[PDB]
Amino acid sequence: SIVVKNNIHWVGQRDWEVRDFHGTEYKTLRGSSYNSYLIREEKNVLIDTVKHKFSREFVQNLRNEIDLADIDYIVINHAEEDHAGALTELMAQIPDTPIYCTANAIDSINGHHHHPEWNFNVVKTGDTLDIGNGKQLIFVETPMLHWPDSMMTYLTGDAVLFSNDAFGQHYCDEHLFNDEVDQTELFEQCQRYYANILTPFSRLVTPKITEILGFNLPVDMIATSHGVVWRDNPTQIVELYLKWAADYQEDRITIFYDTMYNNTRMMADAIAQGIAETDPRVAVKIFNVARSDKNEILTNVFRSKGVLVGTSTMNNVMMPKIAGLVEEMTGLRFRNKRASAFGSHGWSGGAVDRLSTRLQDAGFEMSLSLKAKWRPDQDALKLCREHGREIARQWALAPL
């Protein structure tokens, strides 16, 4: 194990090979980690666990650190499989150990493990737990961040905020602290995390952070359930969350599409040029949804002021990958963004209008659509380049 601070010991699990989270909806390109902590004062407290597949390693490593019978309290900030998956394995050795968690946590913990006979202790915001030596744990309820059972645990004296998922990122490294890792790679994974997971709950992030800051509690470190431990200016990740939650957007336009014969692709490239030559301030990214990483697309959309989505008509409907991605954006609930649909068709078409409607349903302020028949000739590409001009002038953050 690794010493986090004083009597705080990291007993989690690094996952270098992991590439798929939430099934296949979140690609972890730089691996991930599952942070579990063992506090050893007068009382011994285990905070969260690890993935189920590493349950055997978790219990064995935990034995080498401390006798399982000497563990007093178990804390579950979150009952998702990647944090409470090894719970059943552990409770088999110490079934009488009390479990501190939220009321919703009992529903989620029992929902996965089916061991309601366990000794649960429902906690709510303001509740405290003495561990001796003048130190105590303070619990803060954070429902829908990102789960109904989510909560944070604060350790007095050491000033360590166990935030679980919050302020975490999927980044695997042998070093434990934020000031010991690559800053660029760290920022990319942090932003990648919020944009794909916490975006729809942005309206709850600001008020909750304000509430926690209102407690006037000192924060020396922020120990999340994923990635590094924030010790050097740990409040920096909290500030980013404040910015990201405020309907974050840069002067950027993201264009993505699906194509069978590149007709729609040629439209996208023409649109980008029309934008770039109209507003040099705007950064432009283009992705083929079939050839690109879905999570990178969503991260840019989160950063963008507006997007253009392209699709060709296939059997009177839009292409499946485009339909699927739009369905996903509807769940993320992006705010204060604009959208414009485009694409090519053969005869009757109809996929472009279909897509435009669903983008509006997803919450985007819709501009006019751009349509073309078969492969665009020189005259058609002028219109597509013109469409980019019209979009750039409309979506301008400032004059000129």
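Throughout, we count residues from 1 along the sequence that is shown.
When the two stretches 272-280 and 180-188 are set side by side, the higher mean Cα temperature factor goes to 272-280. The mean C-alpha temperature factor is higher for 80-88 when 253-261 and 80-88 are set side by side.
Reading the B-factor column for the CA atoms of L359, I66, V45, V50 in the entry, the top value corresponds to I66.
Annotation for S292, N104, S163, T313: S292 ranks highest, by Cα B-factor. Ranked by C-alpha B-factor against the other modelled residues of its chain, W10 falls in the lowest third. Sort the modelled residues of the chain by CA B factor and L204 lands in the highest third. Ranked against the other modelled residues of its chain, the C-alpha B-factor of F342 as given in the entry falls in the lowest third. Ranked against the other modelled residues of its chain, the C-alpha B-factor of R375 as given in the entry falls in the lowest third.
Per the deposited record, the Cα B-factor of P148 falls in the lowest third when ranked against the other modelled residues of its chain.
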